[PDB]
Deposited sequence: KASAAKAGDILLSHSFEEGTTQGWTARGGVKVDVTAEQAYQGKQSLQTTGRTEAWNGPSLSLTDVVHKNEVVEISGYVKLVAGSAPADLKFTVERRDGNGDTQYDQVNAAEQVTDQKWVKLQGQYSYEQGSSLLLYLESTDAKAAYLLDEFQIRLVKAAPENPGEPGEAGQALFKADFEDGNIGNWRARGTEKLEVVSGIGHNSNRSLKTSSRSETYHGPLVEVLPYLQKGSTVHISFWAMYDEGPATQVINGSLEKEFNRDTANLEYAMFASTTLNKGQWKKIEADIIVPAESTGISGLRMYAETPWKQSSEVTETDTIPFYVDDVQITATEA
């Protein structure tokens, strides 16, 4: 039940109030606020007395960053006067699932100087861990430096209800409210609705359908091993019209960037009861590289009829949710 949402600020430190705002010494160092220099405002965070590369100012992230969240960590840095140029980076010390120490890289090291403030920035996430310690490090073990306008932003919330270990290659739950790369096939309308979903708040609605082939489509080739065997699954529901309706799950294939000569293949179909969610699934073979395959797109449709024979019941709007592609091998 994640509180924070994408784009939300988790932490912001300007060091303007003469407290280190949670930052402390890692190793035998001196970490304090200074009013001597700053990026913004009057004050910044100073670190001196380093003697080992791993020494630095540190900040506990245990209560800030959660499992599988993607966050963005940033700050401005500058070397203390009289310091030789040196390379700086953010690192996260993490205790893994079995209490072993891991060292996670946040950003790639940047050359920093005593003349000028430099922006450090990177994205971070973790799958398993008990404690998290962010620190600002240099390979120069003697280097002393300032930090200011430090910030942590939430980029992507943790998915919800993350079963069987086949490895999830592709997932769409729509909970972030985002249509992403999903597109219409013709003139129909795609919309991420809230208040309707499969054991969830949101799902992908397709409406204003006027042809049977109209339905939601997404390119999936990039997420997949060419030649592999994978399991495609999604959930569908329709809420109006007849007592029963068939939905199909199909694949649209493109070879050698030839857009004029597509191949189509149905992988599954099921009969749905009005108002009920039902799983549509199958194993499929991703075409081999030798085929010259350049596009592979999954979609949902109602069974094919010619335009002249198309009725109000063929063109029903429907919802799709918990779309998922998993590997068969691990």
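List in ascending order the stretches of the deposited sequence, numbered from 1, that lack C-alpha coordinates.
Residues lacking C-alpha coordinates: 1, 164-166.
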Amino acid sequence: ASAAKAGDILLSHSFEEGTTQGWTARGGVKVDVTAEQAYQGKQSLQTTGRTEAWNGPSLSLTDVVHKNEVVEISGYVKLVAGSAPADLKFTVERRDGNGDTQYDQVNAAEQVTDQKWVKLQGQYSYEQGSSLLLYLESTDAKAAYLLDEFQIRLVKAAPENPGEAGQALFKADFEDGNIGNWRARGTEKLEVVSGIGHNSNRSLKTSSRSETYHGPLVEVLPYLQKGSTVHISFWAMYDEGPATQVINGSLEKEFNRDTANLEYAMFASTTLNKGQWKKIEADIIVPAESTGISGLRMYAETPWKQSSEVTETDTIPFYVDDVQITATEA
From here on, numbers count along this sequence of modelled residues.
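On average, which has the higher Cα B-factor in the deposited entry, 283-291 or 36-44?
Stretch with the greater average CA B-factor: 283-291.
Residue range whose averaged C-alpha B-factor is higher in the record, 96-104 or 168-176:
The entry gives the higher C-alpha B-factor average to 168-176.
Specify which of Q151, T212, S207, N199 carries the largest Cα B factor in the deposited PDB entry.
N199 has the highest C-alpha B-factor of those listed.
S203, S74, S131, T91, ranked by C-alpha B-factor: the highest one:
In the PDB entry, the greatest C-alpha B-factor among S203, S74, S131, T91 is found at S131.
Report the third (lowest, middle or highest) to which the CA temperature factor of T24 belongs, ranking only the modelled residues of the same chain.
It belongs to the lowest third of the chain when residues are ordered by C-alpha B-factor.
CA B-factor placement of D140, once the chain's modelled residues are sorted into thirds:
As the PDB entry reports it, the C-alpha B-factor of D140 lands in the middle third of its chain.
Using the B-factor values recorded in the entry, state whether the Cα atom of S228 falls in the lowest, middle or highest third among the modelled residues of its chain.
Highest third.
Ranking every modelled residue in this chain by its Cα temperature factor as given in the entry, which third contains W54?
As the PDB entry reports it, the C-alpha B-factor of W54 lands in the lowest third of its chain.
Should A268 be placed in the lowest, middle or highest third of its chain by the C-alpha B factor in the entry?
Highest third - that is where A268 ends up once the chain's C-alpha B-factors are sorted.
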